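Take this structure first; my questions come after.
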Amino acid sequence: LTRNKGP
Amino acid sequence: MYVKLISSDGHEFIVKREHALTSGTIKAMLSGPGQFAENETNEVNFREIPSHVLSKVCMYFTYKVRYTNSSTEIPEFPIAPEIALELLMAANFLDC
Amino acid sequence: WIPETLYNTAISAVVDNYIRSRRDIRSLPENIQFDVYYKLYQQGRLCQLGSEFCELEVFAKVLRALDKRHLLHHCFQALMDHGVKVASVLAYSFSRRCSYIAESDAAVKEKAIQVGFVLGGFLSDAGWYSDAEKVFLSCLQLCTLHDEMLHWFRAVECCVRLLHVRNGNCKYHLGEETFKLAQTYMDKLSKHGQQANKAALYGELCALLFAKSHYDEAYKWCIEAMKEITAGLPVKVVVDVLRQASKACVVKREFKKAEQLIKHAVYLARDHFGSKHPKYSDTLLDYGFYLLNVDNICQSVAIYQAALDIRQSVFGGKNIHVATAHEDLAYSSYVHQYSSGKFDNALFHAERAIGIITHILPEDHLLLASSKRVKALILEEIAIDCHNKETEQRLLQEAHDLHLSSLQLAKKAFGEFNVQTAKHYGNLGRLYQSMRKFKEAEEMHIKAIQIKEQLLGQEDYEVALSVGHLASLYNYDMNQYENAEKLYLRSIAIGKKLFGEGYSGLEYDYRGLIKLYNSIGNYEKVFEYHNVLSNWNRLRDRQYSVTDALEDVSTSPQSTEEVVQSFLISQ
Amino acid sequence: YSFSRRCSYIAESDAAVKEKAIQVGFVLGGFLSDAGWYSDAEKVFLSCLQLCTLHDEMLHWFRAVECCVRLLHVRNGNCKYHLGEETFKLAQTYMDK
Amino acid sequence: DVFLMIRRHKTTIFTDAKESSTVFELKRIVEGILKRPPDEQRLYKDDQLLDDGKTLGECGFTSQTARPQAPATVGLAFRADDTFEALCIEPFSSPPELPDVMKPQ
Amino acid sequence: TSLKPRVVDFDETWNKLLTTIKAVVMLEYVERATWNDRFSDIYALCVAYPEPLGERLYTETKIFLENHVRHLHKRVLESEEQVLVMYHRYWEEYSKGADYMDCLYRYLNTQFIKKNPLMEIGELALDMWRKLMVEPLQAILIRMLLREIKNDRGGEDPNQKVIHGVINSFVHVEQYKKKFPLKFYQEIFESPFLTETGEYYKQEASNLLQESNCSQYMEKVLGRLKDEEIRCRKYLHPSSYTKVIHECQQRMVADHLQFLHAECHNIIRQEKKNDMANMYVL
């Protein structure tokens, strides 16, 4: 878990 | 206490009034000017319903009144295939 | 044990003696006919029910039973799951009927249009937009051969309904021409001293321009649509315009107005149509879109699932309307459980969406782009949670194939310069970061920033999300901290401006800055970012207060013209 | 369902129509038992047994026990073992008669 | 309980009676409906007079052949002081001739 | 003939229905056999071929009701100073006729109205008796309906049947709306009635103290309150029973309680047990 949710 | 469900053919079907109010339409036809018939039993003319199918309607009345809220298993109403279509339109018109 | 009605008993008997009276059932009253055909459905006689529903004369009398329409939409669906192409046969039969009565008086031509309008509206409600388009094209032809006032109103209404079936089928190139033709007919109406209402047409144009990611012009056109709503409009038209205006306000970053717009739309649908209507499910779907874009995420899953359960009860499986609810609930459940990581219910709804859309739509259709994206996003996040390298490199490969398919569809339809293809680029950048591919992820993310910055502004939600993804790529993966710091600050500032300090996407930026400053220096920044992250967690403890949005809308919030006027006076 | 409904209407008919219905019911229920539709073959054989146990004639016990040796078959395959013992008892009752 | 259709010419009394009840109670029902004396009423069970002494169960009416679904008919005749009258039950009607669909034609 | 969809004309059958529905709503005498025949005519119109003439039947029925209640409104405008008794005489007939007409239109109610903005025929007639009979006579009817109850308090004998029927008629129109089944009663008559009773129990109630002392007043407080209780049973809907009594005692006790409690010091010391029960029931 290093980035945010996908667009 | 009895009503006289006269069919189109002329066969009067003297059935109990409590049986006749199973159908909403007969209850409506027995309300208002339809209840003003003083001659005891009320005559309900059915010039669109033939006699052979109104007889099955009255049998259904005596069937549903006797088999209402029954504790045991209930049998289906015996309806002939050759009368099923005519008794389908008779069941819609009578709302029973 | 209660006796069955003599009506139901005779329905059972007429069905059982079916073929000997199958041509006599068509002589029955309309409600009796619907009950006979519904009894054929209930007994499992889908073959004879399909053989009768493929006939336009039989099905037109079935469509007259409005109160039992919710049954018909179900029955129809079973036939379309039975393998019998009822919608295609009905549309072809209506086209043949129109071709036969092309030369006839207007008293029988108007009758077929009204039969065509109800059948086309049924197929559009059922979701057979490719089959509802033929019916409406035939109706538009009937309005096109002659030129008069009544035919002009029918042509305007038919172009309004034809725009809707060209929007859900994702044919926008024909949709713009449909709107131009509708505008031509309304100009011809206006030159004869008569004005027709433009609320429904401009609402469908707002849907068209929202689908084409032209959010600014869609917002302008939903303002134009809402400028012309009166008390004489049908409830369905007002609901549709309110939904489209709310969605355009959401993507225009005007979250305040969209609140009252979508809440009044949901209340209007729940009041007039009820809690088990497909239009109310559409309102719930748009309300979930609102709640997902507001960062009221945990509530939104409870609204998509409410939307899905209505669309799964009114419509059976293998339908585009239940598939859109599946793909939207799959995304929100992926969004809601992104931090938790339990993508079990999310993947099930994603595979149900593609498993439907691949069955009822062609492989090159755009609804696969919005469905393959969600499944690939769930698959990518699942595989980084499991420790099997041979399974991770398979799930990321499958997600790579799905992202490439979605990108191909988006680039074929919208072109390379569009918001949809750019968020596909950003999703590919995230996937390439997960694939341990560095330069390719950087190129994808830079292209996503370039396309999402000019077409959405410098301070939009989507561009902030892509800036956060690029910052995580530079920080956790590539070690390019000099740019990653600025990108993280930009993403935090934009998220603070649009959403505030309770934005759920700020955690992945705060921890990124914490790690970056841990491995570059300035520990006094690390301590205060730990303090800010603790404050953010404490604020999210109160912002996490779960309610029911069906109670947030409550009962009788405002008036119909009150919400429209409040939206209009604020530009 | 069609067999049961069309077959309950000839309970008071003559012996020829009743035995024709019993033969048709044996053929259809045997087909549905061979095809594996034991839940849909029990109803056929139940209607057959109903029409066999109406008249007090000699061949009716033979047809009734021939119904019951097939109800017990379509109840074992349907895993309705609690009706199986009572079906055996009723078949043994007609064998006693 | 037993269910009957007391038919005379075209009237059809859809009444009910107990299986242990006698013919006198049924004639009293017809008193209560057609206001006729029981002495002017001869009831026929398929061309067979019912004596007033016996019960409905003995003469043939049971709770199995006279169910509420399909009540068993019984005749009725009136005296008119002249040697009574014969049974003149008029059949209801003929349902439309619905032929067998598999008949070769 | 049979109960099958047949091609029927609307003019002849609708004239045949028009005669009997004119008979019903005015409570005239229509033949029972004709009454049963018109059920079959309603069925034949509702499932007619090739299009169901149910919407047309509803439209012409509403047009007939438009021509009917408007005619009754004009007629009751003609009888000036007799508007209350004429309104009640027409209202009893219209209520029973609308009930019987709902009975006659049962097939249109169940198969068209409750399946397709559309109101049931017996409740369309009641809503139309609202919007074309009592809404044009809203302030007019209350002008002397509130006078007769005021006259009854002044020592008169208004008609029990006429007064109770008109006041209950506002509730009877609200029979079908399940949302607010007493809104019309509580916004057309009850709110004007409550203020008018308050004025009669403020101006006249203050006149009791002008010439009578407290001991005489307490007997007279129970005199008017129980007389209000008797007339509540007569001219008032039972849902409004409690709130009028609370309002009446509010405007002649709760605005004079400072005199009662000041006098309450005297009744305690003297032990006036005769008026002790007066303070107990209030």
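Consider only pairs whose beta carbons are under 6 Å apart and that are at least six residues apart or on different chains; among these, list those whose first residue lies in segment C:210-226 and is under 13 Å from C:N418 (Cβ atoms) and whose second residue is in a helix (DSSP H, G or I).
From segment C:210-226, the pairs are C:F210/C:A218; C:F210/C:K247; C:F210/C:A248; C:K212/C:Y172; C:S213/C:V419; C:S213/C:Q420; C:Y215/C:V251.
From the list C:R26, C:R45, exactly one residue is under 21 Å from F:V7 (Cβ atoms) and more than 9 Å from every other protein chain (Cβ to nearest Cβ). Which is it? Lay out the reasoning, then the answer.
Details: C:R45 fails: under 21 Å from F:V7 (Cβ atoms).
Criteria check complete, one pass: C:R26.
Quick one: is B:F77 more than 10 Å from chain F (Cβ to nearest Cβ) and either within 21 Å of F:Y105 (Cα to Cα) or in a strand (DSSP E or B) (or both)?
Spelling it out, it is not the case that B:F77 is more than 10 Å from chain F (Cβ to nearest Cβ) and either within 21 Å of F:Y105 (Cα to Cα) or in a strand (DSSP E or B) (or both).
Taking interchain pairs and intrachain pairs at least six residues apart, which have beta carbon atoms under 9 angstrom, with the first residue in segment C:354-368 and within 15 Å of C:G127 (Cβ to Cβ) and the second of a type in the set (D, E) and surrounded by 13 or more Cβ atoms within 10 Å (Cβ to Cβ)?
Cβ pairs passing all conditions: C:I357/C:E327; C:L367/C:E327.
Is it fair to say F:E148 is in a loop (DSSP other than H, G, I, E, B) and not aliphatic (A, V, I, L, M)?
No; evaluated as a whole, the condition is false for this residue.
Pairs under 6 Å by beta carbon, first residue away from chain C (no Cβ under 13 Å) in segment F:32-59, partner in a loop (DSSP other than H, G, I, E, B) and surrounded by 20 or more Cβ atoms within 10 Å (Cβ to Cβ), six or more apart or different chains?
F:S40/B:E48
When the residues of segment B:42-66 are narrowed to those that are more than 7 Å from every other protein chain (Cβ to nearest Cβ) and not in a helix (DSSP H, G or I), which ends up surrounded by the most Cβ atoms within 10 Å (Cβ to Cβ)?
Per the criteria, the residue is B:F46.
Yes or no: segment C:492-502 includes at least one residue that is out of contact with any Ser or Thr (no Cβ under 9 Å at 6 or more places or on another chain) and of a type in the set (K, R).
yes
For segment B:81-96, which residues satisfy the criterion of being more than 7 Å from every other protein chain (Cβ to nearest Cβ) and in a loop (DSSP other than H, G, I, E, B)?
None; the set is empty.
Only one of C:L6, C:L63, C:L71 is surrounded by 22 or more Cβ atoms within 10 Å (Cβ to Cβ) and either within 14 Å of chain B (Cβ to nearest Cβ) or among the hydrophobic types (A, V, I, L, M, F, W, C) (or both). Can you tell me which? Even if it seems obvious, please write down each step before you answer.
Working: C:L63 fails: surrounded by 22 or more Cβ atoms within 10 Å (Cβ to Cβ); C:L71 fails: surrounded by 22 or more Cβ atoms within 10 Å (Cβ to Cβ).
Being surrounded by 22 or more Cβ atoms within 10 Å (Cβ to Cβ) and either within 14 Å of chain B (Cβ to nearest Cβ) or among the hydrophobic types (A, V, I, L, M, F, W, C) (or both) holds for just one of C:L6, C:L63, C:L71, which is C:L6.
Write out, first by first residue and then by second, each pair whose Cβ atoms fall under 7 Å of each other, whose residues are 6+ apart or on separate chains, and whose first residue, in segment C:10-23, is more than 7 Å from every other protein chain (Cβ to nearest Cβ) while the second is surrounded by fewer than 20 Cβ atoms within 10 Å (Cβ to Cβ) and in a loop (DSSP other than H, G, I, E, B).
That search, which allows pairs on different chains as well, returns C:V15/C:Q43.
Right, another one. Within segment E:74-100, can you find the residues that are surrounded by 12 or more Cβ atoms within 10 Å (Cβ to Cβ) and more than 10 Å from chain B (Cβ to nearest Cβ)?
E:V74, E:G75, E:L76, E:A77, E:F78, E:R79, E:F84, E:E85, E:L87, E:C88, E:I89
Now a separate question. Name every residue in segment B:21-41 that is hydroxyl-bearing (S, T, Y) and more than 10 Å from chain F (Cβ to nearest Cβ), in order of residue number. Steps first, please.
At the first step, the residues of segment B:21-41 found to be hydroxyl-bearing (S, T, Y) are B:22-23, B:25, B:31, B:41.
If the condition is that a residue be hydroxyl-bearing (S, T, Y) and more than 10 Å from chain F (Cβ to nearest Cβ), then B:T22, B:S23, B:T41 are the ones that fit.
List the number of the failed condition for B:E18; all other conditions in (1) buried (at least 17 other Cβ atoms within 10 Å of the Cβ); (2) more than 9 Å from chain F (Cβ to nearest Cβ); (3) not in a loop (DSSP other than H, G, I, E, B) hold.
Among (1) buried (at least 17 other Cβ atoms within 10 Å of the Cβ); (2) more than 9 Å from chain F (Cβ to nearest Cβ); (3) not in a loop (DSSP other than H, G, I, E, B), the lone unmet condition for B:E18 is (1).
Filter segment C:541-565 down to the residues that are surrounded by 15 or more Cβ atoms within 10 Å (Cβ to Cβ) and within 21 Å of C:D286 (Cβ to Cβ) and list them by number.
Answer for segment C:541-565, where residues must be surrounded by 15 or more Cβ atoms within 10 Å (Cβ to Cβ) and within 21 Å of C:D286 (Cβ to Cβ): C:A549, C:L550, C:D552, C:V553, C:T560, C:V563, C:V564.
In segment C:442-464, how many residues are surrounded by fewer than 24 Cβ atoms within 10 Å (Cβ to Cβ) and either of a type in the set (A, V, I, L, M, F, W, C) or in a loop (DSSP other than H, G, I, E, B) (or both)?
Here the count works out to 9.
Would you check which residues across segment E:1-53 are within 14 Å of chain B (Cβ to nearest Cβ), out of contact with any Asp or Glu (no Cβ under 7 Å at 6 or more places or on another chain) and among the small types (G, A, S) and list them?
Passing the criteria: only E:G32.
In segment F:1-28, which residues are facing chain B (nearest Cβ under 8 Å) and surrounded by fewer than 18 Cβ atoms within 10 Å (Cβ to Cβ)?
Scanning segment F:1-28 gives F:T1, F:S2, F:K4.
Kindly list, by first and then second residue, each pair from a residue in segment F:97-117 that is within 8 Å of chain B (Cβ to nearest Cβ) to a residue that is in a loop (DSSP other than H, G, I, E, B), limited to pairs with Cβ atoms under 6 Å and residues at least 6 apart or on different chains.
Hits for this filter: F:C103/B:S31.
Here's the yes/no breakdown for (1) hydrophobic (A, V, I, L, M, F, W, C); (2) more than 24 Å from F:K179 (Cα to Cα):
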| site | (1), (2) |
| --- | --- |
| C:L513 | yes, yes |
| C:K525 | no, yes |
| C:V532 | yes, yes |
| C:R538 | no, yes |
| C:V546 | yes, yes |
| C:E551 | no, no |
| C:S554 | no, no |
| C:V564 | yes, yes |
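Another question, if that's okay. Go through (1) surrounded by fewer than 16 Cβ atoms within 10 Å (Cβ to Cβ); (2) in a loop (DSSP other than H, G, I, E, B) and name the single condition C:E390 misses.
Only one criterion is unmet by C:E390, namely (2).
Bear in mind that the values in this text are calculations on the coordinates, not laboratory data. Backbone-built Cβ (ideal geometry, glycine too); neighbour counts: all protein chains shown.
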